[PDB]
Amino acid sequence: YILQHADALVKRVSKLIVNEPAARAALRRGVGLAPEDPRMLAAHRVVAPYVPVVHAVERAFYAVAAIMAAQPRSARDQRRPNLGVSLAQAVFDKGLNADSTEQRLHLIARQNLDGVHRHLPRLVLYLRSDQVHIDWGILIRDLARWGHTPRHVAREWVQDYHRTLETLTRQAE
Amino acid sequence: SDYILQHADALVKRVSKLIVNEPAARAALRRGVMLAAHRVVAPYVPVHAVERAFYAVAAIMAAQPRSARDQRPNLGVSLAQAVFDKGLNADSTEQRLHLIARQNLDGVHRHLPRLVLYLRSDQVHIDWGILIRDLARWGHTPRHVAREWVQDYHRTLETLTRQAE
Amino acid sequence: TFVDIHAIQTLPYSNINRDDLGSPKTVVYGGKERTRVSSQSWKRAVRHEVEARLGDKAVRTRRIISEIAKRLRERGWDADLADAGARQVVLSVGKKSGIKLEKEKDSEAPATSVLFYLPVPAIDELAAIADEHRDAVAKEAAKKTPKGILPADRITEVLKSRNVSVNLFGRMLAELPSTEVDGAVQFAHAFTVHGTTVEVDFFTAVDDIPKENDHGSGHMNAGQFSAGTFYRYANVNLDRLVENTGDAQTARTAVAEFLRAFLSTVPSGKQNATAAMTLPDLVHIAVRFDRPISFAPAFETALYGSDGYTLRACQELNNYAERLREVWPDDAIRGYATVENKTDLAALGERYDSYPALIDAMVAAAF
Amino acid sequence: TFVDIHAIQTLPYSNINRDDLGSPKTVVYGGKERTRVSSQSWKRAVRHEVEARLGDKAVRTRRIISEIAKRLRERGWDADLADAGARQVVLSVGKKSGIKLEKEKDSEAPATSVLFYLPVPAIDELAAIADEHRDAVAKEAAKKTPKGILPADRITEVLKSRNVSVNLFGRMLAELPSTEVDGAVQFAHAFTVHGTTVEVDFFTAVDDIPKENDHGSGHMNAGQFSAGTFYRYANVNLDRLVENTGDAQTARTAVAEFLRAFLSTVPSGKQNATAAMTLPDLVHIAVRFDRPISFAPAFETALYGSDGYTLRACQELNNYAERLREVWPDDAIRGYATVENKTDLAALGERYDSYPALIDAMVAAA
Amino acid sequence: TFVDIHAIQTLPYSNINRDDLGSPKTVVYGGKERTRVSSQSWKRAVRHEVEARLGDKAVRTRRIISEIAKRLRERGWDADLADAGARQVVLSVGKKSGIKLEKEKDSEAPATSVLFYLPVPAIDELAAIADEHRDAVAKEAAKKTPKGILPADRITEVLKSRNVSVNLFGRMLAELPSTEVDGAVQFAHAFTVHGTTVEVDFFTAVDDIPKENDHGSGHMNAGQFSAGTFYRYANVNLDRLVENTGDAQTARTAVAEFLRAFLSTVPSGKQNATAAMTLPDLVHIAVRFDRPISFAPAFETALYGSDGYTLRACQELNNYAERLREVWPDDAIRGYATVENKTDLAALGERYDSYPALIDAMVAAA
DNA sequence: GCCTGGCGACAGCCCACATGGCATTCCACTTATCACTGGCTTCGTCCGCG
DNA sequence: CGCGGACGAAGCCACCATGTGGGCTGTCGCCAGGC
């Protein structure tokens, strides 16, 4: 359901990065920190209207908007897959190292909600840095469900990653 | 903090009745913005932050202009409606809002009375009990309260723009 | 090889440097809040006084294309060819296709994404390089997506030219790492010796023509201000400044001029409403060879107050300078100059009667 | 056999060491957030000052092939033979076919996957080894997939050479476990004695050449800085440093030089914007024989504030040093040197007037 | 007959013990995640310090054949006879044909499937047993499938020899259940008193040669670290340690040495990058006769925070010790030693000025 | 005894800003290791111990 | 030499699926007058 507010946030913000600089620059200074942190007080003008009503959903929305605006200029310039499908696409196509990125994904899958946020911006900006595609609404919904799921979303992330890597390798034959 | 709120509401109606009924004690409260506040507000107390959170609001309530003096949303929505209804400038009241959200507990009491008395001057509704409790929760946790005000403010301003169209 | 200059300077209800909301910038240092003047501000005031006094000015601008366009337009180019030629100037250099540009604005040439920092005559030389190749520019101006025709080496050689300010404070250009220059000056954030609470000043703007049934002010607000005795510190790495300018004589003039600018200039923030133009109460130039040492820990314990902080700040900086010379022995050539004569301040080295005499003595002591 | 050095050092609005987003690194220690300077940074500053002062420099590089290529090119080799010879240098060693290389970059020699850490004259000796076999290299340069012709033993003996920095901090090479050296120094993460909230600093880069006299800047941002009195700690395992250098005299110079670097150096991260060059307020060198003990638990209870933390931090480190010497008895040779004279600080051992006098006394005591 | 030792010990940004992915090991205890140091790690650090201090070392190795081969080679055997003789050593014992061996590796003697755990002089005695029968070994070395010629009883008697570490921590050998020794020590997993979120540190190893154009980090990653006040607990079953060593005097030295190792040692996990060496803030040795009791339930309710956890952890362990002595009455000889003097901590028994004085008093009391 | 009312005099109104700006490159590792044991039958023979 | 314990002898069978929540608490203004 949340995927709806998530898609509205992804659209408006995806337009916001390209058209108005002061807004995305007001968004990127809040990457990876809880909304109570004073560096986030400037991001409420953009994000606060779109969150329904647990902090888990707010942290998902606010954080993905911040990671979304912190894309490098090159990335910003240019079925529904998860972040794991985006990972496997960055392994097979863009040539990222395999033993390390699989290790980093199975490293994310153990954190709690507090830890995922700590680890995610570095990984996502790594992925985004080489034009890997990531559907932000799915990542939002997933990050909102990370709080109440012990591993119910992460397992989906890991399974899809391994599976998509196997299929991408078998299609190359 | 639910128990802080009950005393805030009983103090609010007591002080409101005292403000409209007696000018001597009400003027005794407006001077602080101090012994008379100690002989008036003191019974309605359950940390130094909650006491200042009571005496400051009782003095601010007693300093209203008589237009506002004769006549649950918090202060972010009170500023948003003050923007939407009275036509009060939003770009500037937003800066005064973020400037309030940065201060600590002694500074929030340095910048609050001016904006609040400016709200009462425009006859905008301020739920005095919640503002009291929020100032009391401010010594306990400042960032949560400040963010709540900012988010609610920008959020109810947007909803009121959807209602406009 | 390290010239470091310390300075105590009081400012009276100045509010020279404001944050994003108008309040003066503060450090919670030593556990107590102390208003501060950011280093980039006083550094900007220093570079403008140095450029104005030494005559050569450098320009930090996001709009280099437009400026090259005025020079090509004064060289006889048509406005459209001047714009296309300046686009060729920024298009012909860098790893990628060209220096990226900000979104195009109506009627005006687009600003580069990053701030260029180059002397003025170098910008004019870029105009001459775009000028010699006028026909090739005219041919690429007709194409839909013109490419960088101008020679990259000549342009990169023009963009490497250094002003005194570039030699002194350094520059950074991410697309052209060949042009980056290491700064030779460390400029600390000037904070107060004592704890300072922000002082709110309510003010109103009078409406001059009066209308019946209204006396209200034309405007009302409440700006913020503060005052106090700031501690100031700065370094000059002589090895890097000599490496940047190349010759030791221009480095010598650059150092003496920098130190004088450090003493003379004031950031000019809100100065017309608050005339806070002031000379430092005490200055202490040390010429150290091993490493620079700021005396900022000396004022980590905030001063109590009620009495003038100048004498206690000078005396405290004296005791900390004495204790550091005992704890960390060195042959550094010291020297100071003070307004107050109530104390000798023995540890700050040889006393000089005037700031220019002190600067000349310590610069002459460093070559 | 263990020399450990403690130090209290205030830094004023420095922000010397930044995370990935620009904020200074923080520890939530004792329940309260405290900004920290990572050990890897101050260790790098220490190794560069030690190499610069002791004269011998080691090089941690991912691009060894390119550097060997400049030496072979200055020896008279053609550029293509210099590149093929340096590829032979890294191809001739290791278990597998060769040291694995990163994906090839246009116009430049490929970087090795792992960071080599070797002194500069050893790299030149690798160039000489690739030099005397020039004809064999020329023959393998013609083949499509040349093999490691150079002797592996000679190259592995060059890659085992140790700098003072290698002797002191150790190295790691996964493909050549014979070259790994155990570090002789434990360098702790310098955290603040007191709790510190990150200080946002709004800044603008004003744009010259105004367009229409409007004051709109060319840039606007907010970089976050912080200040405070850091606690610093470090160990030197004399048995391993003596084992690495071999002779006790070079280990003695290495230890004295390390301690002086520990006191003198500052990481230099964002210094031209905030000049944070400062000497430590207090230093306490202990020469312990049983085991090193950091006094970091002494500052687990964060200091309250409002008053200068230096005197209370020195006095608190004193009380914890006293209480540990009573609780854990030892014959360790202690000694300290301080700027403040307001207190005697009796537990920190014999007082010395200056940092070099203290270092010389405790190194001579070990 | 039960000596149990409790200890509160803070570690600053240590990350001493890592999981398989590099994160510090955590317990979700009391509903709140708390970083932990596994017992096997601190137990390994304790056994190495005990062996190093008491002089006798035991060896847990999968490659016993190769080591017996160096001893037979130094006794004058040919390399091939040394290898065949060591194979005879492991072939001559056990129910089945011999101790099962891992798949053969080129150029090296095969490792046994299970980890042997025996003192060093016992391995040398196994070499002597294989040595006396050199001609029989030479005859079986010529056959395609040689059988276990050596006497099984003599070898099994050598494999039964016990080190202090074997007496203290026990051993297990599935093929030779006669050699299994019951451990006399229960070592708990040291967890934090308070809830700890895993702190991430982002580091970048810098390339040293300057790039001509693009300067960037040589490698960049993020390693997880954490800090906190750990609770530590351990038991020593005096009846089993006396049963293992046999004589009460060696058991007495083993217990005193164990307790001192428990207090002194630190697992050494990235200690060269964190310097987590620290003495415990509080130690409490009880000599109980009925049964050992850990005070871990005392810290099941995680501490809130914002203030130093040491004083509250010591005071909470005090209240739980008091409440247990009232609820479960006993004549156990108690005793404690603390760094803080802010509290008397009456329930932890008689206070002693120093850790060695406490250990000597409670060991002498048992 | 309970409930209700009262305790010199304590001001009013008007007023609340516009505009502009918000960076960009680069870089992301290797190696080695990965347990055993048993939970069938009856009987006969051998070896060890007493 | 006798008894007890341990070991041995077989017969053995293999292109794409996921949604939930709600239960705990207390307070004045004081004194005097009248009913």
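Chains as they are written, first to last, in our numbering: chain A, 1 to 173; chain B, 1 to 165; chain C, 1 to 367; chain D, 1 to 366; chain E, 1 to 366. Even for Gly, the Cβ is constructed at its ideal location relative to N, Cα and C.
Item, Value
"CB contact check: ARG73/A to chain D, cutoff 8 Å", "no"
"Environment of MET61/B [buried if 16+ CB atoms lie within 10 Å]", "buried"
"Proximal residues, the stretch 170-185 of chain C versus chain E, C-beta separation under 8 Å", "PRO177, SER178"
"Rounded straight-line distance, which links the Cα of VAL327/E to that of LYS32/C", "50 Å"
"Nearest to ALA302/C (by Cα), restricted to the options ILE293/C, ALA313/C, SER294/C, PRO292/C", "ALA313/C"
"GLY85/D in three-state terms, based on DSSP", "helix"
"Inter-residue Cα distance where the pair is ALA141/E and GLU243/D", "42 Å"
"Within 8 Å, strictly: CB atoms of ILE68/E and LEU115/E", "no"
"Pair within 8 Å by beta-carbon distance, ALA49/B and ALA146/B", "no"
"Closer than 8 Å to chain D by CB, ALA337/E", "yes"
"Residues in the stretch 198-224 of chain E having any Cβ partner in chain C nearer than 7 Å", "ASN213, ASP214, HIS215"
"Chain D contacts from the stretch 279-306 of chain E (Cβ-Cβ distance under 7 Å)", "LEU279, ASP281, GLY305, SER306"
"Residue interval of the alpha helix (DSSP H) (run including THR229/E)", "Here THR229/E belongs to no alpha helix (DSSP H); instead the beta strand (DSSP E) covers 228-237."
"Endpoints, the beta strand (DSSP E) within which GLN186/E is located", "185-187"
"Where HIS6/E sits in the DSSP three-state scheme", "strand"
"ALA122/D versus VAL181/D - alpha carbon distance", "16 Å"
"Three-pair Cβ contact test at 8 Å for the stretch 283-301 of chain E versus the stretch 228-235 of chain E", "yes"
"Collapsed DSSP secondary structure at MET68/A in the structure displayed", "helix"
"Separation of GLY30/A from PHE202/D, as counted between CA atoms", "14 Å"
"Interface partners of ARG39/A on chain B, CB under 7 Å", "Neighbours of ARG39/A on chain B: none; closest Cβ ~11 Å, over 7 Å."
"With 16 other Cβ atoms within 10 Å as the buried cut-off, status of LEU105/A", "buried"
"Where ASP20/D sits in the DSSP three-state scheme", "coil"
"Residue closest to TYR320/C, alpha-carbon to alpha-carbon, out of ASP353/C, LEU241/C, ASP331/C, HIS284/C", "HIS284/C"
"CB of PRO151/E within 8 Å of CB of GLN88/E, strictly", "no"
"Interface positions of the stretch 20-31 of chain E facing chain A (Cβ-Cβ less than 8 Å), listed along the chain", "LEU21, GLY22, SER23"
"Contacting positions in the stretch 28-52 of chain A - beta carbon closer than 7 Å to chain D", "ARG29, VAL31, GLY32, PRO38, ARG39"
"Whether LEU176/C touches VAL93/C by CB criterion (8 Å)", "yes"
"Test item: CB-CB of residue 382/E and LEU168/E under 8 Å", "Residue 382/E lies beyond the range of chain E shown here (1 to 366); nothing can be said about it."
"Secondary structure, alpha helix (DSSP H): runs of 4+ residues fully inside the stretch 238-324 of chain D", "238-245, 248-264"
"The stretch 355-363 of chain C contacting the stretch 271-279 of chain D, beta-carbon criterion three pairs below 8 Å", "no"
"Residue environment, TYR304/C, which counts as buried when at least 16 other CB atoms sit within 10 Å", "exposed"
"Nearest-angstrom Cα separation, counted from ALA128/C out to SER23/D", "44 Å"
"Near-chain E residues of the stretch 310-329 of chain D (beta-carbon distance less than 7 Å), N- to C-terminal order", "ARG323, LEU324, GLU326, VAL327, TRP328, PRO329"
"Segments of 4+ residues assigned as alpha helix (DSSP H) that fall wholly inside the stretch 107-166 of chain D", "120-132, 134-142, 152-159"
"At least three beta-carbon pairs within less than 8 Å, the stretch 71-79 of chain A to the stretch 157-168 of chain A", "no"
"Bounding residues of the alpha helix (DSSP H) (the contiguous stretch that carries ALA27/B)", "23-30"
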